[PDB]
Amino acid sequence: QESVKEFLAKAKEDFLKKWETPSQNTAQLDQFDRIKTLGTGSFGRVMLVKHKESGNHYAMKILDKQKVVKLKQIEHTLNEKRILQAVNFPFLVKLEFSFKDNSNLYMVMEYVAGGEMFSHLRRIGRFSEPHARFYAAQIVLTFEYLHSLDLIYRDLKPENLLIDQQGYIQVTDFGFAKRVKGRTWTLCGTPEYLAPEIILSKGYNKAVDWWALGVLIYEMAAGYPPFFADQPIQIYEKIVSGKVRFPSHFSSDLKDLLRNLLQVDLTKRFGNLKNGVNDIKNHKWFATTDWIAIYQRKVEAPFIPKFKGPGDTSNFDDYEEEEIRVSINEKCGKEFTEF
């Protein structure tokens, strides 16, 4: 590799310039036709919208400022926008516009019609190893990119991996993303995907993302996660147990990669070692993988979602559809001044 560190060097410059001086107020609410809710959440919803002058469809994420403040997610939200407007990568969902009004924060992202990986994974049951390795490869390249910018992602899961029309992954939800050099201590993520050091409140680094990758690869190939139960606590117990069992149909390579990733000891976890990401890229499981054709998206995807129109939502579950009011008074002005 030579044009890799060259790539990441130029990418750090592009990122840091946007990081230093983030864009703001690049649209407003009346420029969009609100059509349908693609996904719900704690802070508000994620609607499918059409840009009035462009005709393009986007996914507008709406955040109730008061709910953000109430859940003490102010800083996390400021992280998410600032990181999103600054990063740029083939497998990352792209932030077109950001703005705010008296009541809400808005993040307008390119629309990914293929739906969550979650939905296709659950319906199909499980992916064969070649299918799971096409996806895993995209995540490997994405974490390499992000970590080089000192960004930690902290919420990898099939629910946050969208599939585009060419069958590739777009990573979404940067709510827990954070630029950090060194350790951090926030308990956040999704139970089945929490690294042991997160649960044990030890303080952790970007190695929790590689653990999450192991969990992802396992779920994609097994059809279920390596640690599941009915209550998160019992999930944490299995995670900190350090004991994992693989399905009989798992290849010997796949098993070896996963024990390396689901390694409880940070001194023996893949991605957290001297050779960093290349320990993973040069694993036998990935011996078939052309990292360059993956990035360039020249491979052929093993699955391409049924397309049937620009504003189609057939790959998304239906949600109840709430009012959208804007208070006549400004809410939480000081807190979100930099958004």
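Counting begins at 1, following the sequence as shown. For the two forms, the rigid core is made up of the largest set of C-alpha atoms that agree within 1.5 Å on superposition.
- Stretch 43 to 51 is the one, of 43 to 51 and 266 to 274, whose CA positions lie farther from the shown form in 5 other deposited structures of this protein once all structures are superposed by the rigid core.
- Between stretches 80 to 88 and 195 to 203, the one whose Cα atoms sit farther from the displayed model in 5 other deposited structures of this protein on average is 80 to 88 (core-aligned, root mean square).
- Looking at the other PDB entries for this protein, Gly309 is absent from the model in a third or more of those that include the residues around it.
- Modelled in this chain, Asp318 is nonetheless unresolved in at least one third of the other entries of the protein that span it on both sides.
- Between the stretches 106 to 114 and 264 to 272, it is 264 to 272 that shows the larger average CA temperature factor.
- When the C-alpha B-factors of 193 to 201 and 240 to 248 are averaged, 240 to 248 comes out higher.
- In the deposited entry, the Cα temperature factor of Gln234 sits in the top third of values across the chain's modelled residues.
- Sort the chain's modelled residues by C-alpha temperature factor and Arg259 lands in the highest third, per the entry.
- The deposited CA B-factor of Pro130 belongs to the highest third of values across its chain.
- Sort the modelled residues of the chain by CA B factor and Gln170 lands in the middle third.
- Split the chain's modelled residues into thirds by C-alpha temperature factor. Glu335 is in the middle one.
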